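Notes follow once the structure below has been shown.
Just so it is clear: chains get the letters A, B, ... in the order the sequence lines come, proteins before strands, and each one is counted from 1.
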Amino acid sequence: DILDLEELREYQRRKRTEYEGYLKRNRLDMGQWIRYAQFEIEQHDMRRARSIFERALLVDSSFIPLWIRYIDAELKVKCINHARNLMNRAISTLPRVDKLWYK
RNA sequence: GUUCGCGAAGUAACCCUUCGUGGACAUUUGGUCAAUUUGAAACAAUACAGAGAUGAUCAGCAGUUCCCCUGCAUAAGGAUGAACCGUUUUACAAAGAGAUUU
Ligand SMILES: [K+]
Ligand SMILES: [Mg+2]
Ligand SMILES: [Mg+2]
């Protein structure tokens with residue numbers, strides 16, 4: 001498929017334009033947000049992935065699978081202290097959800 | 001420059017003409033900006049494609065958007081103005097049961 005960094009940049013531009021267009025036209029599709037963040041984790045660009053999860057939380061902070069995905073994504077890449085800040089924030093905004101406490 | 005005053009020479013003329021000189025009058029413009037190509041107007045042309053619903057053709061009216069255009073416009077029109085068609089995996093458990101690590 002992709003043989004060169006410039007070709008990776010072309011691929012990333014096309015996919016980012018696709019995902020951003022759909023999330024512009026309909027921001028409330030949380031699964032679309034999740035798989036865009038997953039795309040950026042596949043690109044190993046954790047800054048972009050974190051930004052997408054944060055924007056998704058700004059669209060809807062009450063949606064528990066989005067929180068769990070973000071926390072698990074931080075832990076999967078050994079970013080434990082980021083995960084600690086994130087989980088503390090998660091319980092701080094939603095203290096009555098048992099799943100976040102257990103996580 | 002005009003004018004008030006005082007000295008020198010016309011004109012012993014104290015006013016008029018000239019020269020020297022003290023004072024008053026009048027007091028800070030304009031630029032966000034330089035005169036052709038390299039600080040960004042658009043159509044048109046050319047080639048190829050081509051018409052929302054669906055079996056076919058067409059009237060529309062909306063909605064979402066970090067697209068706007070025409071219009072005095074909160075009217076109306078722009079193909080129903082366009083973009084929309086794609087992509088889709090975990091808040092993941094319980095009971096068994098068969099191969100097997102220990
Ligand atoms: K029509
Ligand atoms: Mg209309
Ligand atoms: Mg419309």
Side-chain angles (χ1 to χ4, degrees):
Chain A
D1 293 346
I2 295 171
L3 300 176
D4 184 15
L5 187 141
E6 197 73 37
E7 299 172 2
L8 191 75
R9 295 292 191 256
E10 194 275 328
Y11 168 67
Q12 287 172 346
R13 180 176 291 113
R14 185 167 70 268
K15 295 300 298 173
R16 284 166 184 157
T17 303
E18 186 197 331
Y19 289 135
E20 290 276 10
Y22 282 106
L23 294 169
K24 185 169 73 161
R25 286 184 289 274
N26 179 21
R27 63 176 190 151
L28 288 171
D29 193 339
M30 293 292 103
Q32 181 58 97
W33 276 107
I34 279 163
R35 66 182 63 105
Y36 180 26
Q38 186 62 238
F39 169 80
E40 290 300 341
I41 295 159
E42 287 177 58
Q43 311 320 293
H44 298 193
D45 189 3
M46 280 303 303
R47 278 175 37 70
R48 276 191 168 79
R50 286 169 185 147
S51 175
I52 293 162
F53 281 127
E54 292 290 350
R55 274 200 283 159
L57 288 172
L58 286 162
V59 176
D60 191 352
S61 60
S62 73
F63 184 68
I64 308 308
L66 172 57
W67 284 102
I68 296 293
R69 280 294 230 291
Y70 190 4
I71 297 154
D72 288 359
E74 290 282 18
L75 293 161
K76 278 176 190 177
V77 300
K78 297 163 66 188
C79 288
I80 183 57
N81 281 10
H82 278 291
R84 283 179 172 122
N85 286 337
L86 179 58
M87 291 176 303
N88 180 68
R89 184 173 146 212
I91 59 171
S92 187
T93 182
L94 291 165
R96 283 274 180 260
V97 179
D98 293 5
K99 182 59 176 173
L100 303 173
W101 285 100
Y102 282 132
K103 173 54 64 165

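- Of the residues listed (A/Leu3, A/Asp1, A/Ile2), the one engaging A/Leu8 in a side-chain contact (heavy atoms from CB on, under 4.5 Å) is A/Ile2, and it is the only one.
- Nearest heavy-atom pair across A/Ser61 and A/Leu94 is O-CD1, 3.6 Å.
- Ion pair A/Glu18/A/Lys15 flagged as a salt bridge, since at least one NZ, NE, NH1 or NH2 atom sits closer than 4.0 Å to an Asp/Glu carboxylate oxygen.
- Residues forming a salt bridge (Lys or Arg N to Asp or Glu O under 4.0 Å) with A/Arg69 (at least two apart in sequence, or on another chain): none.
- Formation of a donor-acceptor pair under 3.5 Å by the A/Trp101 side chain with backbone atoms of A/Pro95 is found in this model.
- Sorted by first and then second residue, the pairs that involve residues 20-32 of chain A and meet salt bridge (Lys or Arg N to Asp or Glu O under 4.0 Å), not counting sequence neighbours, are A/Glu20-A/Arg55.
- Counting all heavy atoms, side chain and backbone alike, A/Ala37 lies closest to A/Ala49 at O-CB, 4.0 Å.
- Scored by the side chain to side chain donor-acceptor pair (under 3.5 Å) test, A/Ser62 finds A/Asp60 as partners (sequence neighbours excluded).
- What you find for A/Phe63 and A/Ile34 is that their closest heavy atoms are CE2-CD1, 4.3 Å.
- A/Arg14 pairs by the salt bridge (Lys or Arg N to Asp or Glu O under 4.0 Å) definition with A/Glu10, not counting sequence neighbours.
- Distance check, rounded to the nearest 0.5 Å: CD of A/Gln32 to CG of A/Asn26 gives 9.0 Å.
- With sequence neighbours left out, A/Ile80 forms a side-chain contact (heavy atoms from CB on, under 4.5 Å) with A/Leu75, A/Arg84.
- The same ILVMFWY cluster, assembled from side-chain heavy atoms under 4.5 Å apart, contains both A/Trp67 and A/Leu28.
- For residues 38-47 of chain A, the side-chain hydrogen bond (donor to acceptor under 3.5 Å, both in side chains) pairs, not counting sequence neighbours, are A/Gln12-A/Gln43, A/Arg16-A/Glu40, A/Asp45-A/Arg48.
- Here A/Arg96 pairs with nothing under the side-chain contact (heavy atoms from CB on, under 4.5 Å) rule; sequence neighbours left out.
- Listed by chain and number, the residues in a side-chain contact (heavy atoms from CB on, under 4.5 Å) with A/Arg50 are A/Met46, A/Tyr70, A/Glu74, A/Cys79, A/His82 (sequence neighbours excluded).
- One hydrophobic cluster, built from ILVMFWY side chains closer than 4.5 Å, holds both A/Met30 and A/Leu86.
- With sequence neighbours excluded, the residues satisfying ring-ring contact (aromatic ring centres under 6.0 Å, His included) with A/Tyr19 are A/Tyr36, A/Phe39.
- Here A/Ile68 pairs with A/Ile64, A/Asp72, A/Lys99, A/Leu100, A/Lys103 under the side-chain contact (heavy atoms from CB on, under 4.5 Å) rule; sequence neighbours left out.
- For the salt bridge (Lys or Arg N to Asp or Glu O under 4.0 Å) test, no residue two or more places apart in sequence or in another chain qualifies with A/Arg35.
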